[PDB]
Amino acid sequence: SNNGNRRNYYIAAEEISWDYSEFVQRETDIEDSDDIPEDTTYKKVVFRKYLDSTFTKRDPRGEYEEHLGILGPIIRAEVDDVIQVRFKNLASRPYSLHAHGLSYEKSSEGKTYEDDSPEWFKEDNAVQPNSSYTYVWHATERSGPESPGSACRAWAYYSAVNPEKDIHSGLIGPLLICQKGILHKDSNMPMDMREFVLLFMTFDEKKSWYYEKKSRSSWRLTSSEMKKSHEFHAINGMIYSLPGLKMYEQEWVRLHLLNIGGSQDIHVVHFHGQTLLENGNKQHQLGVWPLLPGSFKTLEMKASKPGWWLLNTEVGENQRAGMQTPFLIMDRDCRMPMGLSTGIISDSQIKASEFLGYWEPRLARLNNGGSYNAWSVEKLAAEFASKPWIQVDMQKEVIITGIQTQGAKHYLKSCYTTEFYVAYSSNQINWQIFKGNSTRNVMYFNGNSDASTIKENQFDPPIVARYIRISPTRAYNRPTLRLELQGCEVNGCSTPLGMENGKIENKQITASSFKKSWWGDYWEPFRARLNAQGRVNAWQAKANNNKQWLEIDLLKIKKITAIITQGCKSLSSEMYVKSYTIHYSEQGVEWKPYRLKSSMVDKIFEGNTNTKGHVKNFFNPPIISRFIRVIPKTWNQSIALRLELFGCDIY
Amino acid sequence: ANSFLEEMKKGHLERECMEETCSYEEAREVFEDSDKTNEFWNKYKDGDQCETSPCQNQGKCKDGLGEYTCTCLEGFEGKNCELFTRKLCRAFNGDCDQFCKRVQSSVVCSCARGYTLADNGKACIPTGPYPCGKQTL
Amino acid sequence: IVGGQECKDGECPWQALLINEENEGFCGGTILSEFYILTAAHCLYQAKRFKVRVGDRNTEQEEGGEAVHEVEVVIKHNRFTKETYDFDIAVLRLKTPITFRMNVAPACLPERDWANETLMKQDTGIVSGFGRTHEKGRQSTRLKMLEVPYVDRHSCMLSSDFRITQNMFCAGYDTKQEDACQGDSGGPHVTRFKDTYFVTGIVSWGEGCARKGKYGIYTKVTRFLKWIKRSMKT
Amino acid sequence: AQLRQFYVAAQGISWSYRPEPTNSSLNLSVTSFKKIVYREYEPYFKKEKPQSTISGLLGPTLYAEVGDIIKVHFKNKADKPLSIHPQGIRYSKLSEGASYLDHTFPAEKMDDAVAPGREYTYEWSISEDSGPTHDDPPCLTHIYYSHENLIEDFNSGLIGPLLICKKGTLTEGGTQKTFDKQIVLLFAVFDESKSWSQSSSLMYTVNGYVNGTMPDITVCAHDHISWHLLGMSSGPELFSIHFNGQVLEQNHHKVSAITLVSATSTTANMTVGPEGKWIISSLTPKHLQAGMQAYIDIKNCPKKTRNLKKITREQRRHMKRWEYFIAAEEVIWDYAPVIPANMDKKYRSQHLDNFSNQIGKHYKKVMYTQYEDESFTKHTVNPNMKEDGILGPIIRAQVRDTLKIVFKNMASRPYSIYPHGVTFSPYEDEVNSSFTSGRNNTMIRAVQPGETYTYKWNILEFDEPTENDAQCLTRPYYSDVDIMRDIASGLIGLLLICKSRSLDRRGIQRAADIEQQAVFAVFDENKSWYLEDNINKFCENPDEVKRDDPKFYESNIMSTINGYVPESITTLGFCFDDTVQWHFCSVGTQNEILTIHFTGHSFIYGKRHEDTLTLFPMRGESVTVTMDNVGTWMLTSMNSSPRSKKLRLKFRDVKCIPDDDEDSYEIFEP
Ligand SMILES: *[C@@H]1O[C@H](CO)[C@@H](O[C@@H]2O[C@H](CO)[C@@H](O[C@@H]3O[C@H](CO[C@H]4O[C@H](CO[C@H]5O[C@H](CO)[C@@H](O)[C@H](O)[C@@H]5O)[C@@H](O)[C@H](O)[C@@H]4O)[C@@H](O)[C@H](O[C@H]4O[C@H](CO[C@H]5O[C@H](CO)[C@@H](O)[C@H](O)[C@@H]5O)[C@@H](O)[C@H](O)[C@@H]4O)[C@@H]3O)[C@H](O)[C@H]2NC(C)=O)[C@H](O)[C@H]1NC(C)=O
Ligand SMILES: *[C@@H]1O[C@H](CO[C@@H]2O[C@@H](C)[C@@H](O)[C@@H](O)[C@@H]2O)[C@@H](O[C@@H]2O[C@H](CO)[C@@H](O[C@@H]3O[C@H](CO[C@H]4O[C@H](CO)[C@@H](O)[C@H](O)[C@@H]4O)[C@@H](O)[C@H](O[C@H]4O[C@H](CO)[C@@H](O)[C@H](O)[C@@H]4O)[C@@H]3O)[C@H](O)[C@H]2NC(C)=O)[C@H](O)[C@H]1NC(C)=O
Ligand SMILES: *[C@@H]1O[C@H](CO)[C@@H](O[C@@H]2O[C@H](CO)[C@@H](O[C@@H]3O[C@H](CO[C@H]4O[C@H](CO)[C@@H](O)[C@H](O)[C@@H]4O)[C@@H](O)[C@H](O[C@H]4O[C@H](CO)[C@@H](O)[C@H](O)[C@@H]4O)[C@@H]3O)[C@H](O)[C@H]2NC(C)=O)[C@H](O)[C@H]1NC(C)=O
Ligand SMILES: *C[C@@](*)(O)[C@H](CCCNC(N)=[NH2+])NC(=O)CNC(=O)[C@@H](N)CCC(=O)O
Ligand SMILES: *[C@@H]1O[C@H](CO[C@@H]2O[C@@H](C)[C@@H](O)[C@@H](O)[C@@H]2O)[C@@H](O)[C@H](O)[C@H]1NC(C)=O
Ligand SMILES: [Ca+2]
Ligand SMILES: [Ca+2]
Ligand SMILES: [Cu+2]
Ligand code: NA
């Protein structure tokens, strides 16, 4: 139990200003103004990770840490490891570090009390301002997880000069002690599951060191609302919304439900639409986990259905108070291309910092062909501080769970960005650069060994943003970038119903009619598969008239949230529908035209702009039915339709 | 420059790197040693950070491609080596070979009967042949 | 020794074998110095007269390594009783000095604090002897070894139906067919550290032999290091 | 894939919290409120299914199985928008019944609120994941409520239990094949001020019934019940459900006091004792003056399917008749016989100083004092009489062990001693004693000052700690005359219900090197029977005392550990590499949860290492600590309150010195 790693960490209590509701007002588009406090920005101190021992070049918080908020950086070590965490008190107050369950000598406890200790190693008990120390922590077996139980365990480190007021001042952080072989050699990040450190805590500001109790001599009679105003029932110190909580569907999430709340911070962690499994020797199934002050429980919930669910304590007061952050469960196959390879994103939505010649951003089409088929820059701005970037606009808040990357050649020179990194933004002003789990400040994604071959890099956790900037850093004789960002909608229930992967059976698709090929093949309805390849792989109709339809039976009443259509290629022409409308029935006979909410005339959807361009269209209101017919209205030179329904069933 | 027969002549340090932007291949042939060229290549791109010796405790400063590193002696570690060390024989047995006895916080490697403390103060050496606790060879 | 492996040539030099009047091995021992051997207390009653053989990898044959040594002084703890097997310790000073050679080497005695705070928190010890290969079996003439993992004090007090005193620690498996059996008593329980083996325990007793649900029991040497060093001054 | 159809109609009723239907044809005032409650109707809303006499405000209990899908029919009969929303279901957006910023279309907003008269049948597919595990009880207990206005709507009363069950443990009669009974209690907090009536009142009720006026429940003796308990509140709350004279099993942990919090529910396998009638309650002191006390009747149904399991001869040797002789003397107990000068002076002058009007430290109390014989003439000399304080003598017992607790009452008032691990039978002692009907029914016969009784408990096979519990389980025993007024007097101990062969011949545990009790008895002498005796005998001027004064009333909550304020208790010492067993159990008027922190050390809690140990009132937790790191460390309560922060215990992890075995050896030649 000695051949381990000396985990090196450098935690500095730096000074920042923390406003809890800084992510409530970013989505303020409602006529409600009664469920939020006023003047919620406060001055505090927070543990912040530093990459270097000199405490100059800070370690930025990426996306795996985006949900941390006021917590300190995550400290991790497997069993029997040695942790060296260096404190750099950057505040105007003496702090320290405490620990829970770890093996530490009295030179690393960090808590000062009447223990009658000689002072040659008391310099851990209360680190004085402007100074530094080093806390040595060993993670023995009495601090690891169970055997057999969950894969990790949760502990909470914090400043221990006066914790009852030093935690309200923002000094707190996760300390995870996992089983052997789970954390990483360098990144010191777990590899198996998705971990969500949640701090269900009340940040009563009336107790922090930086409580600006100005003179209240002139003030009206107490309204009994300001007393509770400074209390923020928040998850990770962000009320009413907390970013980063993005998990796939039917996926196991290792929830480290930390809590250092007071004697009345009873929090019944509840996930709307989810059930919690207390892993261990005896696995228990729960819907809500009644969490208690001082607890660090490591549960494992299984995602049920994609959508914007609501993480919340079930105490009624802490619901409208603000401890209810909508967590985002995403579809299981949130690998959907975002349209660069298809045509959903047109050339007018692509910009760049620079470009070389005809290698405009319009060539960011994945697997594009021709002489010029990528976004290329003659010389990478490595010498400059601003490397060239290419930008794409999604026109809406979406989810991007991954990325694809390629290159191109000038018929002899294989040019490709052997590295790059991604910066995302929503308003194209406040920019953030993706970091993921990389050791450095930014995850400089691995590039491609060859220009053509793909290199899929998964943005974990997924990026929720409208604008994406890709800035290559390395190259092979020239940068050359092709990409198709991959992800789904922020609103769930957008998984393909199965027109392409074969989940929806062939016999489920029925046609009003269909044609015959020049040799005998038919455009049968079951051949309406999305992205289907072949001479005859599209659904048609025998007669070109309004009376045609494509009936597909879902065998279960599904909630369709969107639709994507396509077109086909003939021997010497392009075949596709120009306009249509959809019809549906709960029983398969009473077909209804799809109207608007305020219109009595059927919404004639805009059909295929061209053959391959995915003409995605949405359903407001959606289609709560088992049967659906897409009735065409206009088509070019012939009728063809290989559509796909993006919805979820009813449970 | 860049004449037709520049590569045929023997390499010179001034010709390749000082009078021209030399690459890795051209600099190696002048020196013939990988270790020698690596030292010259690190300073070429990002200068010599080790010239001012930023690190402390006589750190063996090493120049790389955009980074600096100094390997320091016992009692002072890290990139800067400006801070001392908690001896803490709990980790890696205080770099000893046998028992530690915690006096004020300096790690005290010890050796029992039939054993002698080493010059560095960390290893133990048997006094005579066939000491305690060893397999016969 | 239920299961385990046979001691190789020079693999277990610290192992000293006790032979009764019939020159039949009945208990093991550990070499502390050129004159002293470490054994268990209850082994003294089994023969009432015995000799110490060292360097023997096989009791039933002579291969030039056996060395039968007479014993000068026998010293054992007074508080030791067979009712509880507490304080099960005994050291034998020989009439003749032990000639250290191939397969004949002594064993260390670590410091009291460092042994408790580091050795008693390692993973696995080492136990060896000439015990039975299975419960109610025959004491094998060959010398076997067994890697007995340490067990926390709280954990191993549960399985044993008899009280584990503070001078005793358990090592073995609550399920597996691995434990020293009858004929191993007085054998070493040494601890490895940087290829240096330190005496940690002496084989005291055990309920059965490698029963599912059970670990072997050993007597903590570190509780009597002052007693051992004082006795080594005899 | 079986499908079911329940019928719930949100018909608010003119409700008095005391039982209105259970009236003797008289008005009994009104005192009513316009609640909004779920009700169960005949199919297709033709008529109603009459409810039980106890269900009160609880809706129709739901029961599904793995695979089986529910379809609940709902149509509001009130004037508000309401929905139905169950915990622990993987429901969909079209039947979630929750209104928040889900970005959902108005079609899926239908479940969010139901307009009065509008109809919606919520389907809840129940897959394998939601169903109980192999280690879980058969029917998992959830709770459903309306999720339109989570605070105001519930306080009207739209609450009902949901019971997802295992695949093959349900009939069509609303019960279980494997269980001979089934009950669904409710411990909910109703705040009328937040209720839709907006009347200024706060109501803690059992099954929607206030102040213990709910009708009793009838069961059979030795009945294999499967209880289901609900906890629900809009403000944070701590339920500690206890079934007096009974022992439950919460997920194969033989708990006695099963504890819940707001918007939580639980399931417990439960085998009744003999015929009798106990008074269920929720031990949390806030709920104790609030009267969450239900009742239960155990009928002697002539069922003889099973009354014994395996009893053998080999275990009769282990059935050691332990003979404890406990008394109860009224003397002066001091939380601070000696005080360090370094301790806080300001707090010493309020809760400790013998002020002219404040008593401070020395109070009159009653305590459990052990003895060795029936004469009670010699106290048992335990080594830790000062270390463990006023905690009662540890009553160690094993399974099948026939204890004989000879309780004695030398005190000045009636008391009792109620265990937490004995299904003790009240029909064992009366033979020819006359009982009067209806006058102050104390659960145990009123032991008048100077009276003695011989309790004869029994650790049946239903009180055996299972494979997932510590060898000895800490279960407090207290005088069950009034749990409030009595534990405040200090009549608290721990009953170490050990497993078989867990005690030696003497009666000491066989797996703990040192046994240590650590009980946080948060006293309140103003809630003791001697509150008047405490003040008058120590106060110089008793004519100026006022119970209303926070400078006096709150100057009497003496938060302690084992009976001493931690600023006035000795520092512990435990030798290195031992296994100290820690006996943790909260008592007193601690309305909150007391989480404690072991500095530098950790323990074992259920095959799992933990550092902070949460504690509910009158629930005991036992952990064992291996002293494994040299130094001087601390035990502290992390709670921020000054009463709950002064609880700081100091202990040293010393290195065990001799051990003087050096001067005792014998020399003999062979
Ligand atoms: C059953 O029959 C029994 C008798 O047999 C009856 O028992 C009574 O139960 C009541 C609840 O139904 C208790 O009510 C008490 O009312 C007061 C609260 O109202 C006051 O404050 C309101 C604003 O307060 C807000 O929060 C409270 C939190 O409880 C909410 O209840 C309330 O709705 C508000 O949201 C005002 O609007 C209102 O006008 C009142 O002024 C309180 O007195 C009390 O709780 C508080 O007080 C006690 C004691 O206070 C002392 O200690 C605290 C320590 O925190 C200290 O701060 C104080 O200064 C004092 O020193 C604390 O223990 C609590 O934590 C609160 O601080 C109650 O809620 C009655 O007490 C209770 N009566 C008795 C004798 O016990 C009952 O009516 C019957 N029915 C049931 C239970 O259903
Ligand atoms: C629900 O809780 C049960 C335990 O808790 C109950 O309630 C608490 C409050 C206490 O009162 C407690 O005593 C109650 O039983 C839990 O397990 C039940 O445990 C009891 C006692 O051990 C069992 O009674 C006897 O069990 C076996 C049959 O059980 C077999 O399966 C179980 C798997 O659960 C194995 O553990 C066993 O080893 C067995 O393989 C029998 O020995 C015996 O029946 C008769 O057997 C022979 C004659 O055939 C003779 O010895 C006697 O006549 C015996 O009467 C008993 O039945 C009990 O079976 C068991 N319950 C069940 C349903 O099996 C229970 O499992 C919990 N529920 C769930 C879903 O976990
Ligand atoms: C930052 O995050 C990225 C993702 O964004 C991580 O990418 C990982 O890439 C590495 C390779 O460089 C992958 O590591 C290996 O992947 C395989 C996964 O197999 C496991 O899972 C399957 C699926 O159930 C199991 O059937 C199988 O048994 C394995 O458990 C394996 O080849 C390797 O597994 C090894 O470790 C596990 C855990 O102990 C053992 O069970 C295996 O036997 C084996 O020893 C290995 O894990 C990895 O999969 C990629 N991640 C993901 C999420 O796909 C980066 O590693 C990460 N970088 C950091 C932290 O620095
Ligand atoms: C004296 C010595 O030779 C034996 C060996 C015991 C080794 N035990 C384990 N677990 N490795 N000690 C015994 O003889 C001491 N007595 C006992 O073990 C008896 N309680 C049982 C004897 C038996 O089961 O054979
Ligand atoms: C610590 O520092 C305070 C001001 O900070 C100063 O500038 C920053 C950038 C750091 O370099 C810091 O070390 C410098 O001192 C002083 O006002 C304060 O007095 C210092 N504290 C103590 C205890 O000396
Ligand atoms: Ca031989
Ligand atoms: Ca909603
Ligand atoms: Cu909820
Ligand atoms: Na075993």
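Order-wise, the sequence lines are chains B, L, H and A. Heads up: the first sequence begins at 1546 in PDB author numbering, then just goes up one per residue. Heads up: the second sequence begins at 1 in PDB author numbering, then just goes up one per residue. Under PDB author numbering, the residues of the third sequence are numbered 16 to 61, 61A, 62 to 124, 124A, 125 to 131, 131A to 131B, 132 to 145, 147 to 185, 185A to 185B, 186 to 218, 220 to 223, 223A, 224 to 244, in order. Heads up: the fourth sequence begins at 1 in PDB author numbering, then just goes up one per residue. By construction, the Cβ of each residue, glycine as well, lies at the ideal position given by its N, Cα and C atoms.
Residue nearest to residue i in terms of C-alpha spacing, selected from the options
| i | options | result |
| --- | --- | --- |
| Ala2056 (chain B) | B:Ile1620, B:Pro2177 and B:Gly1884 | B:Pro2177 |
| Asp659 (chain A) | A:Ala336, A:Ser95, A:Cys575 and A:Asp136 | A:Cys575 |
| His1812 (chain B) | B:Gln1864, B:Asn2002, B:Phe1929 and B:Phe2164 | B:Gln1864 |
| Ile514 (chain A) | A:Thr579, A:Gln182 and A:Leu531 | A:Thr579 |
Any C-beta of chain L under 9 Å from that of residue i
| i | result |
| --- | --- |
| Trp2180 (chain B) | no |
| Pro161 (chain H) | no |
| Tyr207 (chain H) | yes |
| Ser1662 (chain B) | no |
| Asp1876 (chain B) | no |
Cα-Cα separation, residue i to residue j
| i | j | result |
| --- | --- | --- |
| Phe174 (chain H) | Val406 (chain A) | 30 Å |
| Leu1901 (chain B) | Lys1932 (chain B) | 14 Å |
| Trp2068 (chain B) | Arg118 (chain A) | 46 Å |
| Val255 (chain A) | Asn382 (chain A) | 28 Å |
| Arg39 (chain A) | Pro60 (chain A) | 6 Å |
| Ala115 (chain A) | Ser528 (chain A) | 52 Å |
Short CB-CB distance (under 9 Å) between residue i and chain B
| i | result |
| --- | --- |
| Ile151 (chain A) | yes |
| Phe99 (chain L) | no |
Any chain A beta carbon closer than 9 Å to residue i
| i | result |
| --- | --- |
| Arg143 (chain H) | no |
The stretch 2005 to 2013 of chain B touching the stretch 1953 to 1961 of chain B, judged by at least three CB pairs closer than 8 Å: no
The stretch 196 to 212 of chain A / the stretch 244 to 251 of chain A touching (three or more Cβ pairs under 8 Å): no
Residues proximal to ligand 6 by C-beta, any heavy atom closer than 6 Å: H:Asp70, H:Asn72, H:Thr73, H:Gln75, H:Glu76 and H:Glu80
The stretch 146 to 165 of chain A in contact with the stretch 218 to 235 of chain A per 3-pair CB rule at 8 Å: yes
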